[PDB]
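Residue numbers (the working numbering), protein chains in the order written: chain A, 1 to 405; chain Y, 1 to 405.
Notes to accompany the following structure.
As structure tokens, this is what we get:
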């Protein structure tokens with residue numbers, strides 16, 4: 001290969017600056033969006049002393065007495081109790097309801113014996129027991145979620161529980177996309193003479209949209225220097241990132257390479273990876289450019305391992321955009337050639353002991369695309385490693401939602 | 001406890017009938033959609049026999065001699081070789097190029113040494129070797145993807161490569177959603193007297209949209225028998241599933257329960273799960289009803305483990321809608337009470353040996369929602385299990401995209 005994935009990745013990310021332009025949106029429209037500013041809680045949580053469960057609000061003296069305590073009233077979720085609450089009585093209280101003024105403890109239903117003249121308290125009652133104190137979870141003025149946090153079902157409902165109806169989020173990353181080659185036809189059109197249906201562009205479009213990006217699909221550009229320069233000029237003026245799905249040079253000498261070098265500072269890398277290897281990256285006037293190789297498997301893997309992380313950083317997200325890996329045993333013999341980090345496709349599954357093991361999807365050649373559908377993970381074989389025998393330990397990276405489940 | 005998750009799940013799914021209404025859409029709009037009919041390939045892929053690698057095309061004959069055969073021709077990517085093939089030579093050929101008529105085998109250029117007057121073929125040759133036959137990848141008339149398949153980046157580009165521009169997909173499942181309770185306020189509004197901000201509805205809405213459903217959010221219904229009946233009537237008439245985010249009875253006696261029993265055949269279950277337990281399920285006139293408990297953690301877990309799978313079946317998807325589990329060691333002591341299947345929240349991570357282990361998120365009480373954000377998985381503790389000590393084996397279910405994973 002030559003340059004390592006790690007090097008290229010580090011090179012790309014170190015040059016990129018996260019977006020800062022922001023917009024404020026209602027919570028229901030924030031899924032997947034990146035918080036632009038810290039969320040600081042405006043109130044204490046919980047908001048008022050409340051009951052840990054359904055039972056009775058009591059006072060230590062009354063319990064001590066020993067005689068049953070008549071119910072003087074109740075406290076429900078929607079309506080607290082503002083009655084009088086005289087000595088010798090207890091107050092019926094529901095889970096989550098505000099404890100009444102003067103409440104010194106709450107005992108659960110199960111520890112109370114119903115009596116003829118009030119309720120009996122069987123168990124011992126400790127001071128302050130089962131009373132959720134206001135502010136014991138989140139304190140006002142506190143930072144609940146930091147800027148750069150990707151909003152999900154885990155966070156948005158918490159933000160709503162604080163009374164906040166909208167939050168500022170980084171604007172979506174805008175990505176321009178196009179391919180080129182008179183050999184490319186649009187599905188639905190007839191294939192003529194060694195022609196093929198354009199597929200990489202569809203693949204990148206789908207992935208970009210699932211990643212939450214705004215996509216500007218310029219379609220298939222005709223094989224002409226002027227048409228190509230025009231696409232680049234418009235793409236660069238409307239997006240933060242411009243992606244060539246295939247057709248533009250990733251190293252080979254041709255008119256597209258000349259246009260590339262004239263329009264920006266682009267590097268033509270040769271990565272020590274498989275499948276794939278070539279990749280063009282650099283700065284255009286107002287955007288970043290990522291050039292993908294023509295082979296479908298190669299373009300997909302390159303986009304998935306290189307472009308995806310660049311997009312995560314640009315978005316303002318302070319976390320990685322790729323799944324974590326884990327050590328697993330292979331149930332398949334794997335053909336691997338030293339020299340390249342090989343992202344093979346595999347099938348992660350539980351064996352008899354509920355143990356996780358990986359199997360190969362089959363032929364790992366880049367002449368077919370079916371391994372992405374047949375598998376559910378990448379078997380990331382180390383650069384220097386050679387063939388792998390059944391039973392050996394191997395690193396596995398599960399496919400994220402782009403390839404579904 | 002009482003009824004097991006498995007029983008309830010089985011009960012729910014066995015009564016549900018997958019949707020069949022369909023619509024035809026361009027590929028770029030099909031991510032996450034369910035194929036309504038099998039996709040049958042209209043053409044061969046590859047359309048002809050081609051070379052499995054760079055090398056030479058030959059026939060046993062010329063190789064049986066054991067003499068060096070001189071290069072008569074060359075077959076390239078889209079540049080085949082046709083005409084005369086001297087009964088004593090071999091043809092140069094490139095990976096993916098069309099083998100010439102009467103070609104018996106392809107030989108990798110590495111097993112041949114150019115002998116300044118011909119080509120010597122080192123290792124013996126096994127007929128048919130390195131020849132990829134037409135229809136080998138996909139044969140016309142063959143089923144490429146079956147109905148019920150969830151379309152993803154793994155499938156759509158394959159469909160496009162066959163020249164198909166659009167495919168029929170099951171229509172989206174329509175889901176009606178609402179909550180009730182004069183205690184509920186809308187974030188942005190002031191909180192008055194034991195009132196709280198509605199949060200479950202936002203949670204369910206977010207999850208429904210990420211699951212690809214069409215959401216009809218009827219907001220907060222006023223605490224009135226007539227308003228409630230009106231919401232149900234309209235929800236049932238527009239959706240396939242109606243969900244109560246909180247406020248409608250899940251067992252407790254009240255006017256909402258009466259309206260429920262009058263509008264449909266609803267069962268009030270008590271599941272042996274934690275958090276949660278209550279759940280209302282049944283048939284309305286033209287839709288299915290799912291009633292969630294008021295506690296945020298309880299509603300979320302119940303929706304995630306019960307409603308999510310029901311939606312997957314209704315959608316026409318022939319696969320499960322929940323992630324698989326795996327056996328892992330705990331690095332935390334876990335408090336667990338026999339009697340309920342406990343879906344605790346945990347943090348899956350790699351240790352020193354690159355080994356995967358789980359840690360608790362902290363307090364597992366349902367009085368806080370932060371465990372969903374702090375964790376990345378559920379530690380599914382068996383119903384009969386008790387406390388768990390560090391080092392014990394435990395089942396773990398990674399959070400899907402609804403929560404960030």
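Using N, Cα and C, we set each Cβ at its ideal position, and we do this for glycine too.
Check: Cβ-Cβ distance between residue 322/A and residue 395/A below 9 Å; Outcome: no
Check: Backbone secondary structure at residue 35/Y - three-state DSSP; Outcome: strand
Check: Beta-carbon proximity check, residue 245/Y vs residue 200/Y, cutoff 9 Å; Outcome: yes
Check: Under 8 Å by beta carbon: chain Y residues contacting residue 207/A; Outcome: 153
Check: Residues, ordered as in the chain, of the stretch 185-197 of chain Y that lie near chain A by beta-carbon distance below 9 Å; Outcome: 185, 186, 187, 188, 189, 190, 191, 193, 194, 195, 196 and 197
Check: Spatial neighbours of residue 140/Y in its chain, beta-carbon cut-off 8 Å, leaving aside the 5 residues before and after; Outcome: 41, 42, 43 and 44
Check: Proximity of residue 390/A and residue 331/A at Cβ, strictly below 9 Å; Outcome: yes
Check: Residues that residue 280/Y bridges to, as DSSP identifies them; Outcome: 268/Y and 291/Y
Check: Cβ pair residue 1/Y, residue 271/Y closer than 9 Å; Outcome: yes
Check: Neighbour list for residue 157/A in chain Y, Cβ cutoff strictly below 7 Å; Outcome: 199, 202, 203, 296 and 369
Check: Cβ-based burial, residue 285/Y [other Cβ within 10 Å; buried from 16]; Outcome: exposed
Check: Contacts that residue 327/A makes with chain Y (C-beta to C-beta distance below 9 Å); Outcome: 350, 353, 354, 355 and 356
Check: Secondary structure of residue 313/Y, DSSP reduced to three states; Outcome: helix
Check: Chain-order list of residues whose beta-carbon lies under 8 Å from that of residue 196/A (same chain, five-residue window excluded); Outcome: 183, 184 and 185
Check: Distance between residue 191/Y and residue 407/A (C-alpha atoms, nearest Å); Outcome: Residue 407/A lies beyond the residue range present for chain A, which begins at 1 and ends at 405; the question has no answer from this structure.
Check: Residue-level contact to chain A via CB, residue 273/Y, 9 Å cutoff; Outcome: no
Check: Residue 305/A (DSSP reduced to helix, strand or coil); Outcome: helix
Check: Proximal chain Y residues relative to residue 137/A, where beta-carbon distance stays under 8 Å; Outcome: 367, 368 and 370
Check: Which listed residue (334/A, 204/A and 64/A) has its alpha carbon closest to that of residue 451/A; Outcome: This structure does not reach residue 451/A, given that chain A is present from 1 up to 405, and the question cannot be answered.
Check: Interface flag, residue 378/A vs chain Y, CB-CB below 9 Å; Outcome: no
Check: Proximity test, Cβ basis, 9 Å: residue 120/Y and chain A; Outcome: no
Check: Classification of residue 280/Y by the beta-carbon crowding that lies within 10 angstroms, buried from 16 upward; Outcome: buried
Check: Under 9 Å by beta carbon: chain Y residues contacting residue 343/A; Outcome: In chain order: nothing, as chain Y lies at least about 15 Å away.
Check: 4 or more residues per run - each alpha helix (DSSP H) lying fully within the stretch 120-167 of chain A; Outcome: 156-160
Check: Between the CA atoms of residue 3/Y and residue 10/Y - distance to the nearest angstrom; Outcome: 11 Å
Check: Beta carbon proximity, residue 97/A to chain Y, threshold 9 Å; Outcome: yes
Check: Identity of the residues DSSP links to residue 108/A by a beta bridge; Outcome: 55/A
Check: Interface flag, residue 55/Y vs chain A, CB-CB below 9 Å; Outcome: no
Check: Of the residues 225/Y, 179/Y, 357/Y and 55/Y, the one placed nearest residue 262/Y, counting alpha carbons only; Outcome: 225/Y
Check: Neighbouring residues, chain Y, relative to residue 31/A (Cβ below 8 Å); Outcome: 206, 209 and 210
Check: Any C-beta of chain A under 9 Å from that of residue 161/Y; Outcome: yes
Check: Delimiting residues of the beta strand (DSSP E) encompassing residue 342/A; Outcome: 341-350
Check: Buried or exposed (CB count within 10 angstroms, at least 16 for buried), residue 254/A; Outcome: exposed
Check: Buried versus exposed, by CB contacts within 10 Å (16 or more), residue 357/Y; Outcome: buried
Check: is_contact[residue 24/A, chain B] using C-beta, thresh 9 Å; Outcome: Of the chains in the structure shown, none is chain B; the protein chains are A and Y.
Check: Chain Y contact for residue 307/A (CB, 9 Å cutoff); Outcome: no
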